[PDB]
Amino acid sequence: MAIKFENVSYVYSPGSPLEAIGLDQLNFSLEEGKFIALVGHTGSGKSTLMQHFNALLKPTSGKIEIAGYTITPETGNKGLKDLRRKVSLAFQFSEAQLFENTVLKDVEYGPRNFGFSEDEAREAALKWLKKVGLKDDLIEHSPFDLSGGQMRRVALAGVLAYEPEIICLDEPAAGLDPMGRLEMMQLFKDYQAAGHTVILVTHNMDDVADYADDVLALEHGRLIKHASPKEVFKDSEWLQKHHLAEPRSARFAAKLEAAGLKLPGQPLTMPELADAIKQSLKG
C-alpha cells in the first residue's frame, strides 16, 4: 500500500563527518503498485532514504507510513520483523550475502526468518530460483561454486522469495553485460506487474526512461523534483544546472533539435526516438 513520508528529516549528529548526508523535510508519497526510480548525483541521499523503507534508519522528524506500519522517530526495533517481511531492501553487489552450504538453503533463509515452514520456504526458494534463471543442477551447489552473475541471481532470489509487497533495489545490474541487465529489468518489471511496488535506485537514466513510472530526484537530502520520466527529462537547462544526466535517446533528440529537426513530443526511448525521426522526416 502507498508509502508516505511526513516531513521526514534524518540528520546525522551535528559536528560529525560531512560525507554521510542526512534527509531534510522530506515530503512525498509513493503509489501502491507502480515503479519508482530513486535518482541523484553522488552525495544525494538515496542510500540513506532507502534504509527508511526498511526501518534500518528511523527518521528524526515526521512519520513514515509503509505497508501497515508507521515509523516515527520513536519507533523501536522490536516489531520490524514484520515490516521487513513486507518491505525488502536489496543491497548492492548482494552476492556478498550468500553463505549457506547449498544455494537452495541460502535462498530459503529469508522465508525461514520471516516465518515460512521447512516445506513453505523450500518451495518458495525453488520457485524464485527458476524465476531468476538458475539452472536446476545449481540448486544444490554451494553459492561459492557459481559465477558472479549466477551468484547475483541467488542473492536476488533470497530477497524476493518471500514476495515482499515492497522491494527497494539498489543498482542490481552492476557489472552485468548488456543482455543480463535486460534480463534483470525484465524480471523486476514482471514483479511490478504482479501487483507489488518497486523502488529502483539507479545511476542509469536510460533504465529510468525505459521502466520507471515515477521519479524521486534527491539532492543534498532534499527532494528537488517528484514526477514521471517524461517530465523530469524535459528541461536540459535544469539538468545542466543540477548536474543530472539525460537518456541517451533524449540527448540524440537534443542533438537533432539543436541541429534543427522538428522531432515531435519528448522522445526518451529508442523506439519513441526512431518514431519521431520517421514522423519528422516527412512533413
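Start at 1 and count along the sequence shown; that's the residue number.
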* Comparing 236-244 with 220-228, the one whose average Cα B-factor in the PDB entry is higher -> 236-244
* Of the two stretches 178-186 and 124-132, which shows the higher Cα B-factor on average in the entry? -> 178-186
* Structure fact -> Based on the PDB entry, the highest CA temperature factor among the options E165, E100, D210, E74 is that of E74
* Taking the Cα B-factors listed in the entry, which of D119, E95, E108, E171 comes out highest? -> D119
* Structure fact -> By the entry's values, the third containing the CA B factor of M270 is the lowest
* **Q192 CA temperature factor, ranked by third within the chain** => highest
* To do: Name the third of the chain's ranked CA B-factors that contains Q150, choosing lowest, middle or highest.
  => lowest
* To do: Using the B-factors in the PDB entry, rank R112's C-alpha atom against the chain and give the third, lowest, middle or highest.
  => lowest
* Please place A258 in the lowest, middle or highest third of its chain by C-alpha B factor as given in the entry. => highest
